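Chains A, B, C, D and E are the protein sequences, given in the same order.
Read in the UniProt record's numbering, the first sequence has 328 at position 11, and its numbers run on one by one without any break.
Read in the UniProt record's numbering, the second sequence has 68 at position 22, and its numbers run on one by one without any break.
Read in the UniProt record's numbering, the third sequence has 253 at position 253, and its numbers run on one by one without any break.
Read in the UniProt record's numbering, the fourth sequence has 248 at position 50, and its numbers run on one by one without any break.
Read in the UniProt record's numbering, the fifth sequence has 259 at position 48, and its numbers run on one by one without any break.
Even for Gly, the Cβ is constructed at its ideal location relative to N, Cα and C.
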Amino acid sequence: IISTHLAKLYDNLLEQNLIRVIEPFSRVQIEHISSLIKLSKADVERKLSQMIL
Amino acid sequence: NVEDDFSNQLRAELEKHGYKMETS
Amino acid sequence: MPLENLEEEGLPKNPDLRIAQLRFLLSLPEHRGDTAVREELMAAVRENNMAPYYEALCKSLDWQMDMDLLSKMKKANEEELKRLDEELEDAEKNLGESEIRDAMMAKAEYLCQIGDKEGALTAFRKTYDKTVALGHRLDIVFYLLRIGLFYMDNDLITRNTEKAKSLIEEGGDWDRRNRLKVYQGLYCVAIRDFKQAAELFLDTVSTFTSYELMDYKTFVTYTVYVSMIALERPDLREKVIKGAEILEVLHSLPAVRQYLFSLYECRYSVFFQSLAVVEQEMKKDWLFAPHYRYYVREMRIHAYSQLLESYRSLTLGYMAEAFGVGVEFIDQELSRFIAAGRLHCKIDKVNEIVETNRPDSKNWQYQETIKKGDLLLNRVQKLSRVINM
Amino acid sequence: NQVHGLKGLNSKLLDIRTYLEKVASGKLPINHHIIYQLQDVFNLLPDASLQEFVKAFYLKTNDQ
Amino acid sequence: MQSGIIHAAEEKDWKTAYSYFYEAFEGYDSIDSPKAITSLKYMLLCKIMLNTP
């Protein structure tokens, strides 16, 4: 039950963490965002795009 | 307006294949 | 089963291919016994553009009907009437209310299958007056609507729908409420706006148990196709992709499945590839568009918009390749896309960066109030000048 | 009410105005209240701005 | 308690699964079964999936 549930919960964690970084900022480097989330740059670019949509 | 549909289907498939070779 | 008749009338109309479609059109009406009416129906088929009927003076008599079919149906319809009159004589001997109604209502549906509208109305009329099962009541009124959808007279569709619409909600039958959605769903593709149609189909697959409908599998294939046209990536993703139901069922879809998937991947190379082929493939076989311009115009706005919204800048090469068509064609298309105000991007070809400003803002919503108001506004002045004299 | 408001506003401003002439010359007292009120007008600098219109009225009479 | 395992995991109706585990949990305490311990653990698994931490 948890095993399957963890994958989505992981993704959710990225999305909530992302909006927090994005809230005061404007014209912020992606690299700065990647550091705050502490997760890989590519994964971030992808997630970022979904959120815009 | 103008009839975009007749022209787009033929153009999209064909042009795209040449574009693959030409550019990324 | 009868829903294919309605789709088939629609195919000669497609401006993308007139001729092939005629052969699709013939097949199902020959089996059912539309032959008798078809002489009168043939004039409607000319507007739709060409017919291959035995009395047709249209171009394609390459799949022309044989003379014997017209005559066979006609004898059959008279024979059916001869049995009916006699049933009617018997009816007084038993109960007046039961026997005359069952026969009158059966006769109407038969008349409806042929596509004789006049004979249908009269035959039905008595049955409505008398006591008959609520579920049966909703199926018979849908048959009057079904004759009009075949006939493709637009004014005719309206009358039936409004009446049926009151009786369905009054009734207890949920399953029957769904049936009306499909018939109305054919109506929605029939007019220019395709967007309206998708929603009816999403509901009907769940509930509309087989009787007056094709197999579950042929209905699911229609379902996904139409969902893609209206719905963008968030809407499509939640609705279709999230579900338990598709995994449990197992796919038989892959061609249409790629068209749904490409949007999500947000690679327009895959999208456009699937689009030139799919348009031709699906649309020709079964009607979801008698006006080919509407379908591509709406898809292309979404494919460009969605790429642009997410990514500010792209190179011309990527832009040309992903979209498909020529740079020249692309540059003309954009100008029309810009006018709407939802796209608002600039293209530098002299510096080879295509920039997208992308304002999500109040201006987008504002734009909408102003734009929509125009059609109505023009239309009252015209109504008022008529009413006054 | 709007026209009633303008003739009314105008009366209030005369009271202040006639008083200042009298304070400057004729030596009526200088109170912090009078001076506070006058200064604010210049400071606030109101800027004309958009909005508040509707077009609905015609449809309703047509229907009727 | 057995119904939740199936419901949550495959179908992703975490609400329905949760309601089932809560029915077991209530029943179990009255005798004070060890099964009670297990049931409580599952309820927590389902809400974290919804991401209401």
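- Contact between the region 203-210 of chain D and the region 337-349 of chain C is absent: fewer than 3 CB-CB pairs across the two stretches fall below 8 angstroms.
- The straight-line gap separating the alpha-carbon atoms of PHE194/C and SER250/E is approximately 50 angstroms.
- Of the residues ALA339/C, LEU287/C, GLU355/C, the one whose Cα lies closest to the Cα of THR315/C is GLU355/C.
- When CB distances to chain B are screened at a threshold of 7 angstroms, the residues of the region 319-349 of chain C falling below it are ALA320, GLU321, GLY324, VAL325, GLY326, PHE329, in chain order.
- Chain-order list of chain E residues neighbouring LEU326/A: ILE259, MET260, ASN262, by C-beta distance under 8 angstroms.
- In the DSSP assignment, the residues bridged to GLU355/C are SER313/C, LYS346/C.
- Going by DSSP, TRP286/C is part of no alpha helix (DSSP H) at all; its letter is neither H nor E.
- When DSSP states are grouped into helix, strand and coil, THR209/C belongs to the coil group.
- Chain-order list of chain D residues neighbouring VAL380/C: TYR256, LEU257, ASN260, by C-beta distance under 9 angstroms.
- In the three-state reduction of the DSSP assignment, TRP63/C falls in the coil class.
- Distance check between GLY171/C and each of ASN160/C, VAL182/C, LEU213/C, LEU134/C places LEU134/C closest, using alpha-carbon atoms only.
- Separation of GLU328/C and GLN113/C (C-alpha to C-alpha, rounded to the nearest whole angstrom) is 51 angstroms.
- Within the same chain, Cβ atoms closer than 6 angstroms to the Cβ of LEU263/C are found at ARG233, the five residues on either side in sequence being excluded.
- Taking 7 angstroms as the threshold, the shortest C-beta distance from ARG233/C to chain A falls below it.
- Looking at the backbone, the Cα of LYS62/B and that of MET1/C are separated by about 40 angstroms.
- Looking only at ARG342/C, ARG336/C, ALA322/C, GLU333/C, the smallest Cα-Cα distance to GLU59/B is reached by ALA322/C.
- With a threshold of 7 angstroms between beta carbons, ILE336/A makes no contact with chain E.
- Boundaries for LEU95/C: no alpha helix (DSSP H) harbours it, and the DSSP string shows neither H nor E there.
- Pairwise C-beta distances place the region 271-280 of chain C out of contact with the region 237-251 of chain C, as fewer than three of them are shorter than 8 angstroms.
- Taken through DSSP and simplified to helix, strand or coil, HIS302/C comes out as helix.
- By the 16-neighbour rule on beta-carbons within 10 angstroms, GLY203/D is exposed.
- Rounded to the nearest whole angstrom, the C-alpha separation of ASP240/E and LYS325/A is 32 angstroms.
- In the three-state reduction of the DSSP assignment, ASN48/C falls in the coil class.
- Distances from the alpha-carbon of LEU287/C to those of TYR54/C, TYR183/C, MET104/C, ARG137/C put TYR183/C closest.
- Nearest to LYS239/C by alpha-carbon distance, out of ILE140/C, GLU199/C, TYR259/C, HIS31/C, is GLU199/C.
- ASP331/C and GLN196/C have their C-alpha atoms some 30 angstroms from each other.
- Inclusion of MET104/C and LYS126/C in the CB contact set at 7 angstroms is warranted, their separation being smaller than that value.
- Where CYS266/C is concerned, there is no enclosing alpha helix (DSSP H), because DSSP gives it neither an H nor an E.
- Excluding residues up to 5 positions away in sequence, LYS195, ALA198 lie with their Cβ nearer than 6 angstroms to the Cβ of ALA230/C in the same chain.
- For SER310/C, the chain A residues whose C-beta falls within less than 7 angstroms of its own C-beta are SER366, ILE369, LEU370, listed in chain order.
- The alpha-carbon separation between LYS362/C and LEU335/A amounts to approximately 24 angstroms.
- One finds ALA58, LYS62 in chain B with Cβ atoms closer than 7 angstroms to the Cβ of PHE272/C, taken in chain order.
- Cβ atoms of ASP129/C and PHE52/B stay farther apart than 8 angstroms, at about 52 angstroms.
- Counting C-beta pairs closer than 8 angstroms gives three or more between the region 16-36 of chain C and the region 53-70 of chain C, which meets the contact rule.
- Every alpha helix (DSSP H) of 4 residues or more that sits fully in the region 167-232 of chain C is shown, in chain order, as 174-190, 198-206, 216-230.
- Cα atoms of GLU49/B and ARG297/C: separation of roughly 9 angstroms, rounded to the nearest angstrom.
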